[PDB]
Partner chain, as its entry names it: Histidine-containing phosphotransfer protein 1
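Next up: just one chain, as structure tokens, the form deposited without its partner chain.
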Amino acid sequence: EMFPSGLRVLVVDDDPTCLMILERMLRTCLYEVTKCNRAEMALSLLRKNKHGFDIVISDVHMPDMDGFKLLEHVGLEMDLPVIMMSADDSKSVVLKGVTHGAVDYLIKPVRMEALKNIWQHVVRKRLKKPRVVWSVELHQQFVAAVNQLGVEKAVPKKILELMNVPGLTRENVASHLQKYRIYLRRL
């Protein structure tokens, strides 16, 4: 089966053991890895080179910033795939990862198969217009709406009815659902 070697991953964690594990497993899986232990530094590294990182993995806890708001900055503001690394697997923490913008999550202890499969949010087998940026408030309304209808039955028109946001289009919701589908199915 197909495997995309050489994707570039930024791993953000103030825990050196967690960082070492993630880096070693990603290199075993042929990803290219950049490590960083501060949220502010991660954000600077991502702006420094847009079209430089394919996916970010960041710890739910960070020493210089609330970890969930880093998820918002990376996953929503910058529209990058961000994966939440958490030691806590309660329903509330897992729900908060996706409500703050992550496309997926990893629970300690991280299994190789789970870690290796993160490329699914980046590549697929088969000058452009302005990109649309979702606010955290809008995103949380979307997650609530989709969870109410059921992820398998939620169609753009029904999501829109529940969100009740003038100007929000069917296309906007469909492309947002495609980005967050995998996480929402895990719920």
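Only residues modelled in both forms are compared. Rigid core (definition): largest C-alpha set, two forms, superposition within 1.5 Å. Residue numbers count along the first chain shown, from 1.
J.: How much of the deposited sequence is absent from the coordinates between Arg126 and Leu127: none, 1 to 3, 4 to 9, or 10 or more residues?
T.: The entry has 10 or more unmodelled residues between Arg126 and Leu127.
J.: Using only the Cα atoms and their B-factors as the entry lists them, report which of 159-167 and 172-180 averages higher.
T.: Higher of the two, by average CA B-factor, is 159-167.
J.: Highest mean C-alpha temperature factor of the two stretches 83-91 and 102-110, which is it?
T.: Taking the mean B-factor of the alpha carbons in each, 83-91 is higher.
J.: Choose from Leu26, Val143, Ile57, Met65 the residue with the greatest Cα B-factor as stated in the PDB record.
T.: The C-alpha B-factor peaks, among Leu26, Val143, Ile57, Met65, at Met65.
J.: If I read the C-alpha B-factors straight from the PDB entry, which of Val33, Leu30, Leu46, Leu138 is highest?
T.: If I rank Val33, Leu30, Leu46, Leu138 by C-alpha B-factor, first place goes to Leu46.
J.: Once the chain's modelled residues are ordered by C-alpha B factor and cut into thirds, is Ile118 in the lowest, middle or highest one?
T.: Its C-alpha B-factor, which the entry lists for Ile118, ranks in the lowest third among residues of this chain.
The same protein also has a form deposited with its partner chain bound, omitted here; what follows describes it.
J.: Just one of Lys35, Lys158, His121, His61 has a heavy atom within 4.5 Å of its partner chain in the entry with it bound. Which one?
T.: Selected residue: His61.
J.: Does its partner chain get within 4.5 angstroms of any non-hydrogen atom of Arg24 in the entry with it bound?
T.: Yes.
J.: Does its partner chain get within 4.5 angstroms of any non-hydrogen atom of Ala174 in the entry with it bound?
T.: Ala174: no contact with its partner chain in the entry with it bound.
J.: Answer yes if any heavy atom of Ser86 is within 4.5 Å of a heavy atom of its partner chain in the entry with it bound; otherwise answer no.
T.: Result yes; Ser86 sits at the interface with its partner chain in the entry with it bound.
J.: Within 4.5 Å, heavy atoms only: does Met112 come near its partner chain in the entry with it bound?
T.: Contact with its partner chain, yes.
J.: Which one moved? Candidates are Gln148, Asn49, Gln120, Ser135, criterion is a Cα shift of 2 Å or more between this form and the one not shown after superposing on the core.
T.: So the residue whose C-alpha moves 2 Å or more is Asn49.
J.: Pin down for me whether the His51-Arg38 Cα distance shrinks or grows in the entry with it bound relative to this form (closer or farther, change of 3 Å or more).
T.: Closer, not farther.
J.: Quick one: in the entry with it bound, is the Cα gap between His51 and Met41 smaller or bigger than here? Answer closer or farther; it shifts by 3 Å or more.
T.: Note: Cα gap between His51 and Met41 shrinks in the entry with it bound.
J.: With the rigid core superposed, can you list, in sequence order, the 3+ residue stretches whose C-alpha atoms all shift 2 Å or more between this form and the one not shown?
T.: Flagged stretches (3+ res, CA at least 2 Å): 49-51, 124-126, 128-131.
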